[PDB]
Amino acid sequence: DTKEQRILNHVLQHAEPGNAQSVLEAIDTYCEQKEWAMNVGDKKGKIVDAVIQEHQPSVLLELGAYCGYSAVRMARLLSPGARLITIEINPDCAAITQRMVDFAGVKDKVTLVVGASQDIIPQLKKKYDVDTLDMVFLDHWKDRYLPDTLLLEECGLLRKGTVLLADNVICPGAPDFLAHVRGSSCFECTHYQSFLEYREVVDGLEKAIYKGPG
């Protein structure tokens, strides 16, 4: 992950220590202009922000951390005592994520777990003291969105009103997830049309609110 280290080094050299906004701006400018990277980004980040502002989650699970952009972005909006648990399968990306979170001033809100989402999710109650989740941000490999959604449900981690928010439902796309949550009476869905981070290709997020196993 040479590019990812470069992004981190750019942030460490140019952003302001302890300042989450400064970190996000440094990443977004670097990535838009110099080296594209799969961060949720600023435009779609504003939709993520709005969802968190509307629903005010205190326990938030992120699937897929990468360099920590979205962890920093979401953590900046959370109340005291809130927990953002973020799961990242790649140890080198997790290491960057932790540096990024520490530098941004938000480490006290974030718990990073190195591992595959499908291994970690069944451990969240017993090993991470989770009860249920208020919100989940899905932004890992898209072929995991549907299986992890069903796993979350099976493991008893969703309550009525738990908000799923999925990135990239149009590009690269998550068609099997979308078909499921839209067609299922167990999820109330809203689609937010936007763009591929840093670019003009159309993309979107799906917000799917769990309605219980009905």
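Whichever C-alpha set is largest while still superposing within 1.5 Å between the two forms counts as the rigid core. Start at 1 with the first residue shown and count on from there.
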Fill in the blank from the handout: Higher Cα RMS in 8 other deposited structures of this protein relative to the shown form (core alignment), 41-49 or 65-73, goes to 41-49
Handout entry: Positional deviation of Cα atoms in 8 other deposited structures of this protein after core superposition, greater for 24-32 or 167-175
Key = 24-32
Exercise for the section: Quick one: say whether 5-13 or 195-203 has the higher mean Cα B-factor in the deposited entry. Expected result: 5-13
Practice task
Between 155-163 and 169-177, name whichever shows the higher mean Cα B factor according to the PDB entry.
Solution key: 155-163
Practice task
Determine which member of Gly41, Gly64, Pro147, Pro57 has the highest CA B-factor, using the values in the deposited entry.
Solution key: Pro57
Problem - Highest recorded Cα temperature factor - choice among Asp119, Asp143, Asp139, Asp131 - result: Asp131
Problem - Where the record places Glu88 (Cα B-factor, split into thirds across the chain) - result: lowest
Handout entry: Relative C-alpha B-factor of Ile47, binned into the chain's lowest, middle or highest third
Key = middle
Fill in the blank from the handout: Entry-reported C-alpha B-factor of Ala104 relative to its chain, by third, is middle
Practice task
Ordered by C-alpha B-factor within the chain, which third holds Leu124? Give me lowest, middle or highest, please.
Solution key: highest
Handout entry: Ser79 by Cα B-factor - lowest, middle or highest third of the modelled chain
Key = highest
